[PDB]
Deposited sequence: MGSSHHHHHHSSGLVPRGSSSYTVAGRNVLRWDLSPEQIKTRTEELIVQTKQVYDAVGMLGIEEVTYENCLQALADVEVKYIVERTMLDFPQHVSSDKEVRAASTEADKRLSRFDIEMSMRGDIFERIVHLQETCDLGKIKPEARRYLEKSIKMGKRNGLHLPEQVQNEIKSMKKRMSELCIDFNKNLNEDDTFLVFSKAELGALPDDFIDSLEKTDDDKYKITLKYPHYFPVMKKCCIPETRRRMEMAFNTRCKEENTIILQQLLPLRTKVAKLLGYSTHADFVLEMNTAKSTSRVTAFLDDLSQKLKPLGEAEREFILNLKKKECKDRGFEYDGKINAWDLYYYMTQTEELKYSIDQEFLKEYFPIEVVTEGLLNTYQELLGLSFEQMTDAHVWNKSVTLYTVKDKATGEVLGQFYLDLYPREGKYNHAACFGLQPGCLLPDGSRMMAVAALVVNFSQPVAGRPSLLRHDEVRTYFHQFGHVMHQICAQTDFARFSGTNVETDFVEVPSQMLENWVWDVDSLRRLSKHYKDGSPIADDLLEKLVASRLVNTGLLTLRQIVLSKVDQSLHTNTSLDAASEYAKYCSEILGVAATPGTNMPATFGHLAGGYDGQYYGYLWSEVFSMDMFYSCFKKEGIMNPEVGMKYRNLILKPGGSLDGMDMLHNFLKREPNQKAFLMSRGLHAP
């Protein structure tokens, strides 16, 4: 039933390394059986029930079973389970390629479109056919078999390379060693740190270590070495992968009839073509140039003063290892924001509480934590999501907030169960997992403001994953265009820059006292600080991502150095290879990194024109946003759903206004 919880979360995290391996094989046998059954049907015998519905039903059964196998590589504390989960993921990816490239299926899906009365079948059923046929042409099923078999070889290679690329970065354990004097101006961070022989400390290259050093450490030489180590992670092994991966992407795109990989991938996005991306990025890059110059000039003066005051040598430039440091000093001077003070007001429990209350109230939902929930780690917690008005049970979400050995290093959201229809006719309960890495509680976990913003960001995907209700699994949850998928996440970040919202999220960890109104005004005002260089940095990464996928006789590190010089104005350091660490290139954002900035235009347009106009906690606007932007999922195009919400096509006005500008 759609109003209950019992037995709707099919997932289990008990699985041994042997259980995964055998379930992988069992799942392939079960799933292939359906594809064989549809393939054996004669061309005349094909109908909605025996072809379209058969494939749609096995997609639900497959994707659910698959997450029990492919998800434990990111969260299981057992290393042998992670290896089996990874190997299952490689195998099932090779299985996906085989099933996607079935010529007999494609032949029967095409025939079902021409003959069937498309008006008498639902809009989302027409969409399933339109996309299945489109994917068939994108897999080259119209081409000759010898060309298909070549495309198949390269796609199985490309899959393993992509998985290897990001696993190398996850498995990395590189560390440098420094003394107390060398880690100067870092807070008593130093105590939560491992000692070696010679009274020296171990610094990992993980985000909780790297960024505090680059932001706070006042010895230039240790920032320099940390930055060198960070931008050479997996340099040899991941340069080798990129040198294979990018030409293969080009060669496959050429065989499918596209000039480049970027053209191939842009067709499935709301931006449509690479010409619109290039114009979007170049136009925005031009508007930020004056801010970038102004901010580069203040940082450089500030460096000359600090080099004078401390008596260091002054090289007359901003190095990559100076940028985050003097951007932090810029915030402290111009907005009086000490991040290590301010985090005392954001204990993890008060932020979690505030976050969950905000979006219960806004989206008209009710959350309840489940006691003695079945989880993959003791510290992970489960919640059930209800509609409040009807009491309909929409979904569940796991929260996995604290770091450990073997866990995924960065912030992410995973769809575990789709919110789709079953053969039964009932709604499947949506399930999601929020995976982030904040410190853990003898002092409680204190979140920096960007950690709260990351928390809010990722919970936008959780809400998108759960509120989405579609007929078919492939359109469910967050399965939207990649340059649209960051709309729901980036819009919720706006609630972390509002004064009243921030007061609800904050409380001092000892006193219980609120953040002073003065400092609360300055925090909201500091949204604009360093915005030129932060946005120019994102433009560089977007431009590089495009450039690497538009011609593959460029050196990737050179191309990165080029845009760092021309756009950002801060040079990449000789010997580094930032692209070799650029895990978005292998994690389904290939030729699609512009998507962040592209969707931010839409998120800001929605926030200013509708939420900020009629009050940001208004349940009627929040229900509209839920119904028109979250609920449809991938069952509608991104720009149609924007049109339904905004009552018009979007524009940059609000987004431009968010940065300053005009």
{"property": "Missing CA stretches, deposited numbering from 1, N-terminus first", "result": "1-19, 208, 462-463, 685-686"}
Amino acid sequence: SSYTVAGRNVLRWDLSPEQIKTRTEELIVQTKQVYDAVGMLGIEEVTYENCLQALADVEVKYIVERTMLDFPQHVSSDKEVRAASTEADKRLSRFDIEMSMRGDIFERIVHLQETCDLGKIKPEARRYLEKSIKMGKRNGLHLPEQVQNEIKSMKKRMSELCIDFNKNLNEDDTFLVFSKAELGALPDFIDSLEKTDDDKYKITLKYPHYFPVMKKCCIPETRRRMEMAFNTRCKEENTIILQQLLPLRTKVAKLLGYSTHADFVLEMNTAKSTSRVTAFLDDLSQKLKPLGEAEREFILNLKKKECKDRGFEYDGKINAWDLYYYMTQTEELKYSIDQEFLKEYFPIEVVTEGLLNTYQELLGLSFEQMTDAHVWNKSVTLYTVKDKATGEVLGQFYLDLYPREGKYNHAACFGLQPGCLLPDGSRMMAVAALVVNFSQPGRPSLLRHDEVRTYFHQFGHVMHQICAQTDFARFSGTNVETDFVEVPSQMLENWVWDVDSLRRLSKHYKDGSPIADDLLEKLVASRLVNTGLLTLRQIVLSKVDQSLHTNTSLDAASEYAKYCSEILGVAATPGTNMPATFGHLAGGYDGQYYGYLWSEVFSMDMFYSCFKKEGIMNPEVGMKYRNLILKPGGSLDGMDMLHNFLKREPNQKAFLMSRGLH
From here on, numbers count along this sequence of modelled residues.
{"query": "Mean temperature factor over C-alpha atoms, higher-scoring stretch between 149-157 and 405-413", "finding": "405-413"}
{"query": "Average Cα temperature factor in the PDB entry - higher stretch of 355-363, 171-179", "finding": "171-179"}
{"query": "Which of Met491, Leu118, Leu541, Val265 ranks first by CA B-factor in the deposited coordinates", "finding": "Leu118"}
{"query": "From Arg537, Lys562, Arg276, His111, residue of greatest CA B-factor", "finding": "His111"}
{"query": "Chain-wide C-alpha B factor ranking for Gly595, given as lowest, middle or highest third", "finding": "lowest"}
{"query": "Third of the chain, ranked by Cα B-factor, where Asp57 sits", "finding": "middle"}
{"query": "B-factor third for the C-alpha atom of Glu451 within its chain", "finding": "lowest"}
{"query": "Ranked against its chain, the third holding the CA B-factor of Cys420", "finding": "middle"}
{"query": "Chain third (lowest, middle, highest) by recorded CA B-factor, residue given as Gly477", "finding": "lowest"}
